[PDB]
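Where a number appears in this text, it was derived from the coordinates with a stated rule and is not lab data. Note that each Cβ is placed from the backbone with ideal geometry, even for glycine, and that neighbours are counted across all protein chains shown.
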Amino acid sequence: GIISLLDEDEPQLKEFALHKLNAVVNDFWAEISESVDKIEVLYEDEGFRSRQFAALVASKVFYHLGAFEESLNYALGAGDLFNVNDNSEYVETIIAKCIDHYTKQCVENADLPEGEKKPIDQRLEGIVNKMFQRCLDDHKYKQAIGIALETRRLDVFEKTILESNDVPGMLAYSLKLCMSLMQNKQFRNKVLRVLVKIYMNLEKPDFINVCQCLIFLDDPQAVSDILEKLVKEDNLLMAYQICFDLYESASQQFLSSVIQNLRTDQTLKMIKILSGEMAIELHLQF
Amino acid sequence: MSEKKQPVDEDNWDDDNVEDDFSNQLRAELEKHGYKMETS
Amino acid sequence: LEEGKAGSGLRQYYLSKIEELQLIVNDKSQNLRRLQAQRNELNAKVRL
Amino acid sequence: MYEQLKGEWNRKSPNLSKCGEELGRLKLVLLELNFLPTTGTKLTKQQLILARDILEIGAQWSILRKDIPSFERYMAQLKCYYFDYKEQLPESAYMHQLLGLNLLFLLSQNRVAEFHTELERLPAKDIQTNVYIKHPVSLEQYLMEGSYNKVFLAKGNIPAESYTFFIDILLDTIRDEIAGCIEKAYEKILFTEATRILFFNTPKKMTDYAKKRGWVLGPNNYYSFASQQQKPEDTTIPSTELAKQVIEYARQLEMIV
Amino acid sequence: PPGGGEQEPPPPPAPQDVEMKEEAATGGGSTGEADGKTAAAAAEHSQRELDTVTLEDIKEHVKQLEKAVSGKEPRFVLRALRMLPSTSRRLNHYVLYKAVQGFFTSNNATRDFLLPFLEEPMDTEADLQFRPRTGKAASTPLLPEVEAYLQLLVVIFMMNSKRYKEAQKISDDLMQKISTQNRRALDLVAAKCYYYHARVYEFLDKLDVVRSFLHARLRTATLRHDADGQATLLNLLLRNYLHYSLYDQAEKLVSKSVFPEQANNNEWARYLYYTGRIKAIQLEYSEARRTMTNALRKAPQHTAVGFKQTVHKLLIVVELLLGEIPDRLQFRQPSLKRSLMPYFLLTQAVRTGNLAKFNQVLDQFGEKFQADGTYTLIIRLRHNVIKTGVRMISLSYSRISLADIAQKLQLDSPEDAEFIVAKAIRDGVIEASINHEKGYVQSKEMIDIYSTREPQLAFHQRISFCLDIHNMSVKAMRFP
Amino acid sequence: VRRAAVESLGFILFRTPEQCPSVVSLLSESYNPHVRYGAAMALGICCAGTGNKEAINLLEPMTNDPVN
Amino acid sequence: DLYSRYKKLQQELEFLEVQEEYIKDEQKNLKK
C-alpha cells in the first residue's frame, strides 16, 4: 500500500516511503516483486536523494526472489550504507557470494597478468580489514589468514603477519600449510619468500624454514648470508646442524653453487661439512 | 496420523446410482409410459 | 565476546561452508560402492 | 495544522488551491511520525482518526474530479487503515459507501477474480443490512446467469451517491463485449436489432458505433464482415520436437548408469 | 482403593518397561546413525514420528502415577553424557534410577514443577553434540505439557518451554549441525509446537508474530538446502492466512515458493488441499477441482478421520459449480451422518430445476454452512442453477433450435436464452456454436483426430514418470 | 603404456598412503594381467614401509593369481 | 583448524569424482 506513496513525485515523501520499505521487507516479501522496476527507476536518477538506499532494498527483494547477482550488483551500488550494517544473517550471505565471486575472479586474473583484467570494487577488501578488525577483537588471526591465502593478495598477508605481536610460531604453522596443502608452485615461492623476509625481521632463524624454502627456491647466496650471520653472532650450534640437514636433503649442483658463495677455522669447518665427506665415513662406520 | 484438520468426522444399498439418474417420475411405468395409446 | 562475535563472523562462514561439502562426500560414497558392486557383477559374467 | 476538516466539504468544492492545501495536508500528516507500529496509545491514534478522515474527503474530492490512478491511491491507503493491526478505531460513518466505491470501481475494470476475493473480509454485512455494499453484489449476481436487462433497469435506482463515474465505465465495458460478440461472423441486421440488442431508439449512439465500430447502414441493412481466420495448418510441424523427445528417451536409457 | 487401588499396580510396570525401551532404542539408534552413516533419513526417526503423532500421545496424557511417566522427569533430570566416564557414569544412572522408579516413588512433580524438571535436563552438564537427544527428549515431554488440557497457567508454561526449545533450535541452526541435520526431526518439531502455539494465540491475541518469525524461519530454511524444511513451514505459513477471514489470498497468489518437490506422501496431500481452495476462490474451477481430486486420492489411509471428509466436502461444491456429481455417501460413517444430509440434499435440488427448495434448505442448513466456512455458495452457485441444464441439454442434443430450449429450460423467452447460451460458450461450458440466421444451436463435430494426433501427448509423461521410478530405484539401491 | 599408467600411481600419491588402497582396490581386479601387474607395484611404491595390513590384505590374492 | 578441514573436503570431493569416472568407463567397457 506504500507503493502508492512511491507513485507521487516529491522527495520528502520518498524517504518516508523507503524508510517503511526495509522495515517490513522481511514480512511483506512479494509485494515489492512487482514494484521492482519502480525502484530500479528511482535508482537511475542522479538527482535523487537516497538512491544508494534504493540499491539496499532492491538487494533485499532480489534476495527473496533468489536473484543473487541482482542483490550483488546492487550491493555494489549500495555504497557505505550496506557495510555499515554488519550484524545480520542477511549481510553475511551476500558477502559470502561476494568473496566467492572475487576469489574465482583473481584465480582467473592470475592467468592473465598482461593487462586485460577486470575493474574491481574496493569494499570487498573493506570487509577484509573489517574482518581483521574482528580478528583484532578476536586474538584469533587464523581465520583472516585463510582468505588471505585464497585471495591471492600478499601485502595483506604481510600486514597480518606484521600484526599486533602474537607469536612467530603462528606464521611457522602457516608455513606448514605451504608443505601440506599448497597446490600451485607459481605463487608458492612468493609466499615462501615473503616468509623469509619477516624471518630476517625476526630474531631467531628456524631449521624447517630453510629446510623447506631455500631448497624449493634454490638461492645459494641466501643461505650463505644467513649462516654467515650465524657465524657473526658466534652461533656454531645451529649452523653446524643445518649443514648436515642440507647435505642430507638438497641435491647436486646446489651444494656446488653455495660452496662458491662460501669464499665469496669456522670457514674451513663449513668447507668440510658442506662437502660432507665426514658424514659419509661415520655412516660407513655404522 | 492426525493432520489437525479432522475434528468433525436393499435399504439404500446401491441406491444413489438409481437415484442420480431417475428420481420420482411416476415409477409404476404404466399410467403414462404404457398409457400413451389413448392419444392415438 | 572475544570469540562469540567472531564465531558467528569468521567461523560461521567456514563451518556452514563445509556442511554441504560433507554432504556430497557422504553422498558419492553411497553412489560409488553401488557402482563398485555393479561392475563386480559384469566382471563375474565375462570372466566366467 | 488541523486544516479545514469541513472547509469546503458541504456546499461546493471548485477548488484547486485547497487541493494544494490537501496536498500540503498529506505533507503534514505523513511527515508527523509514522503509522506503521500502532501498538496502543489512543493519543497517537488521534491523528490516525484524522488521517482516515482526510483520505476519505480526499477520496470524495477524487471522484468529484474523476482521477483514475488517484482514486485507487487514496482507497488503498484507506484500506491500509482498515488493515490496522490494533484497530480500536471507532466506526467512521463513511466506510460502507467508501468500500462501495471500491467495490464498484474494481467491478468496472474487469477485476472479477479480485472481486470475489475482496468479499472475504465482509462477515455478515452483505445479508443483514448495508445497501451500499448490497447493491454491487446484487449487480454482480445479475451479471452471473443471463440477466443483462435487470442491470439496466436497476440503473435508475442507486440508494447511494450518484455512482455515475463508475457505472458509465461499467456499462461501456459491457456494451463493447456484446459488440465484441456481434463483431464476429454474425453478418447483417437492421437498426431495430441494434435497438433491441444494444439499446436506445435513435440517439447518436448509432453514430457512436458507426465510427468506433463498422456497421454502415446500406439499403436499410447493416454490414459486419467475417472475422473468421484461415487456420493455417500442416500438422507435421512437431517433426523436429518429436525427434527431440525420442533422443532423450535413449539418452535417459543409456549414459546414466 | 479395594476396587481401583488394587488395579493401580498393573498400569505402571509394563509401560515402565516397553514404553521406556521405546526411546532407549530410539535414542540409541538415532545416535548410531548420527555418528556413522550420517545420511540418517532411514531409521526409526520416521516410525517414532508416526508414534509421537499416534502412540505416545495416547500411551500417556497424565504422567501415569506409581512412576511410569511420573518417573521420567526425575530420571532425565541428571543427564551429562559428556566424556566417556561421564557417559559410563550416566549409564550407571540409567541403571540405578530406573531401578528406584521401578521399585519405589521418586520425585513426583505435581504438574507445575515440570519446568524446573526441564531446567536440570538443560543444565547438569548437558551437551551440544547430543543435539538429537536434547531436541527429542525436550519436545516429547511437551505433549504431556499441552495435552493435559487444563489450559490454565500452563499455557504460559507452554509458551516458555517451547521458546526454551526454540532457543536451542535456533542456536543449533547457528551452531553448525555437523553431519546430523536435525531439521529432519526439527521440521515436525516446529509443526507440533506451532499447532498448539497457534491454539495459544487463538486463546490470546493474533499469531502474526508467529508469521514474522516463520518468515525468518522459512528464510534460513532452503537457503541452507531443503530437507523437508520448505515443505513443512510453507503449509504452516499458509494456514494462518487462510484461517484469517481477511483478504489474504492474493498474498498467496504471489507466493512463489511452489516447490517442496517431495513430501513423503503426507505434506503434499494437504498442500494440494490448501491451494485447491485458493484457486477455487479466484473462480478458476477447472484446475481447482482436479488438484482437489488429486489431494483426495493421494493420502486417504486412515479410519474415518475427517479432513478426508473435508477435502470431500469442498470437492462436491466446485463440481456443482461445473455440473457433475458422483455418489458421495457410499462410505457412510457414524459422523458422516451429520455431514451427508445438507450436501446430498443440496445437489438434489441442483439437478432438478427447483429454486424454492434451494432457497429453503439454504435457510434450513445455513448454520451448518457457517461451521464449514462456505457461505459463498449462495452467491456463486445460483449461476450454475441455470447453467446445469444448458450443459445437460447441449450434451444430449446435437443441433437444437433456440425456440425449443426456452421451454426446456422453462425460461419462457427465446430472446434472452441466446444470451445464456452466449455466456456459457463465453465461459467454455460447452464448446458448441450458434447459427444466428434462422435460430440453430448446433453442437460440435464428430470424434476428432483423438485416435491419431493426441495420444503421444499423454504417452510422453508416462515414459518420463516410469523411467524416473527406474532411476529413483537404482540410485537408492545399495547401502551396503 | 597401460602399465606405466597404473605404475605411476605411487609416484603421485606416496605422501598420503591412505588413499592408495582405496583407489587400487579394483585396479587389482581387472581382466588383463598387465593392469593387475602395475596395480601390484603401485601398492609397493605408494606405501613405502608401513605395516598397512590393508594393502597386505590386497596382495594375498595377488600372489595367488593364475598368471605367473 | 577450520581452513585445513575445508581444504581436505575440497580434495576428497574432487578425488572420488575421479574414481567415480573410472567405474563409469569399466562398466561401459565390460558391456562390449
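Our coupling estimate for the stretch A:108-125, obtained by passing each phi through the Karplus curve with A = 6.51, B = -1.76, C = 1.60 and θ = phi - 60°, is 5, 6, 6, 7, 10, x, 6, x, 6, 8, 10, x, 10, 5, 10, 7, 5, 9 Hz, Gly and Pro reported as x. Here, chain D is characterised by an Rg to Rh ratio of 1.15, where Rg is the alpha-carbon radius of gyration and Rh the Kirkwood radius. Backbone geometry of the stretch F:10-24 corresponds, through the Karplus equation with coefficients 6.51, -1.76 and 1.60 at θ = phi - 60°, to 3J(HN,Hα) couplings of x, 6, 9, 9, 6, 6, 10, x, 6, 6, 4, x, 6, 9, 9 Hz, x marking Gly and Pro.
Remark: mean inter-chain Cβ contacts per residue of E:249-261 equal 3, using a 10 Å Cβ-Cβ cutoff to other protein chain atoms. With axes computed from alpha carbons, what is the tilt in degrees of helix D:68-81 against the longest principal axis of chain D, rounded to the nearest 10 within 0 to 90? Approximately 60 degrees, to the nearest 10.
For chain E, the longest principal axis of the alpha carbon atoms and the long axis of helix E:285-296 meet at an angle near 40°.
Remark: D:231, C:5 ranked as D:231, C:5, counting other beta-carbon atoms within 10 Å and listing the fewest first.
What shape does chain F take by its C-alpha gyration tensor, where a ≥ b ≥ c are the square roots of the eigenvalues and a/c under 1.5 counts as rounded, a/b above b/c as prolate, and the rest as oblate? Taking the square roots of the gyration eigenvalues as a ≥ b ≥ c, chain F is oblate. When the Cα positions of E:299, D:61, A:145 are compared along the charge dipole of the protein assembly as shown, E:299 comes out farthest toward the positive end, with charges on each C-beta of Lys, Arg, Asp and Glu.
GNM remark for chain D: springs join alpha carbons under 10 Å apart, and the peak mean-square fluctuation among D:111, D:25, D:121 falls on D:121. Sorting A:31, D:56, A:89 from the fewest to the most surrounding beta carbons within 10 angstrom yields A:89, A:31, D:56. Pairs exceeding 25 Å between alpha-carbon atoms, taken from A:176/A:197; E:63/E:298; E:169/G:7; E:72/E:162; D:204/E:387; E:98/E:169: E:63/E:298; E:169/G:7; D:204/E:387; E:98/E:169. For peptide E:302-312, the mean count of partner chain Cβ atoms within 10 Å of a residue's Cβ comes to 4. Computed from backbone phi, the HN-Hα couplings of the stretch A:213-227 come to 6, 6, 8, 8, 10, 5, 9, x, 6, 6, 6, 6, 6, 6, 7 Hz, rounded to whole numbers (Karplus: 6.51 cos²θ - 1.76 cosθ + 1.60, θ = phi - 60°; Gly and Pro given as x).
For the stretch E:334-426, the spread of Cα coordinates along the three principal axes comes to 48, 23, 23 Å, biggest extent given first. Counting only other chain Cβ atoms within 10 Å of each residue's Cβ, the peptide E:376-383 averages 3. Each principal axis of the Cα cloud of chain B was taken in turn, and the coordinate range along them, longest first, works out to 67, 20, 12 Å.
By the beta-carbon count within 10 Å of each Cβ, the least crowded to most crowded order of E:418, E:319, fewest first, is E:319, E:418. Here the ratio of the Cα radius of gyration of the stretch D:1-148 to 2.2 N^0.38 Å is 1.15. With angles folded into 0 to 90 degrees, how steeply does helix D:95-108 sit against the dominant principal axis of chain D? Use alpha carbons for both and round to 10. So the inclination is approximately 20 degrees. Global dimensions of the protein assembly as shown from alpha-carbon coordinates: Rg and Dmax equal 40.6, 150 Å.
For chain E, the percent of C-alpha pairs falling in each 10 Å distance bin, counted from 0 to the bin holding the largest distance, reads 3, 14, 21, 21, 17, 11, 7, 4, 2, 0. Eigenvalues of the alpha-carbon gyration tensor of the stretch A:133-250, scaled by 5 and square-rooted, set the equivalent ellipsoid semi-axes at 27, 17, 11 angstrom, largest first. Stokes-Einstein diffusion of the stretch E:1-157 at 4 °C, 1.567 mPa s viscosity, Kirkwood radius from Cα pairs, rounded to a whole number: 77 µm²/s.
Over the C-alpha atoms of the stretch E:427-467, the Rg to Rh ratio, Rh being the Kirkwood estimate, stands at 1.28.
Specify whether the C-alpha gyration tensor of chain A places it in the rounded, prolate or oblate class, a ≥ b ≥ c being the square roots of the eigenvalues: rounded for a/c under 1.5, otherwise prolate if a/b is larger than b/c and oblate if not. Here chain A falls in the prolate category. Dividing the mean sequence gap of close Cα pairs (under 8 Å, 6+ apart) by how many residues the stretch D:24-147 holds gives a relative contact order of 20 percent. With semi-axes defined as the square roots of five times the eigenvalues of the C-alpha gyration tensor, the equivalent ellipsoid of the stretch A:205-286 measures 18, 15, 13 Å, largest first. In vacuum, with every alpha carbon of the stretch A:66-124 counted as one equal point scatterer, what does the Debye formula give for log10 I(q)/I(0) at q = 0.26 Å⁻¹? Two decimals, please. The calculated log intensity ratios at q = 0.26 Å⁻¹ are -1.15. Working ranking of peptides E:74-80, A:194-200 by packing, defined as the average number of other Cβ atoms within 10 Å per residue, highest first, is E:74-80, A:194-200. Close amide H pairs (under 5 Å, H built 1.01 Å from N) link residue E:441 with E:400, E:401, E:402, E:435, residues at least 5 positions away or on another chain. Eigen-decomposition of the gyration tensor built on the alpha-carbon atoms of the stretch F:1-40 gives equivalent ellipsoid semi-axes of 18, 12, 5 angstrom, largest listed first. Ordering E:270-279, A:35-44, D:214-223 by mean Cβ neighbour count within 10 Å, with the highest value first, yields E:270-279, A:35-44, D:214-223. Mean projected area of the convex hull spanned by the Cα atoms of the stretch E:249-351, taken over all viewing directions: 7.1 nm². Bridging of residue D:45 to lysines at a Cα separation below 21 Å is possible for A:20, D:6, D:27, D:79, D:86, E:206, once same-chain residues fewer than 8 apart are set aside.
Quick one: grab the alpha carbon gyration tensor of the stretch A:62-171, order the square roots of its eigenvalues as a ≥ b ≥ c, and give me rounded if a/c is under 1.5, else prolate or oblate depending on whether a/b is larger than b/c. Because a/c hits 1.5 or more and a/b fails to exceed b/c, the stretch A:62-171 counts as oblate. Directionally averaged projected area (the stretch A:1-105, Cα convex hull): 6.8 nm².
Each peptide in E:445-458, E:85-98 receives the mean, over its residues, of other Cβ atoms within 10 Å, and ordering these scores from highest gives E:85-98, E:445-458. Remark on chain C: hydrodynamic radius 13.9 angstrom, per the Kirkwood mean of 1/r across alpha carbon pairs.
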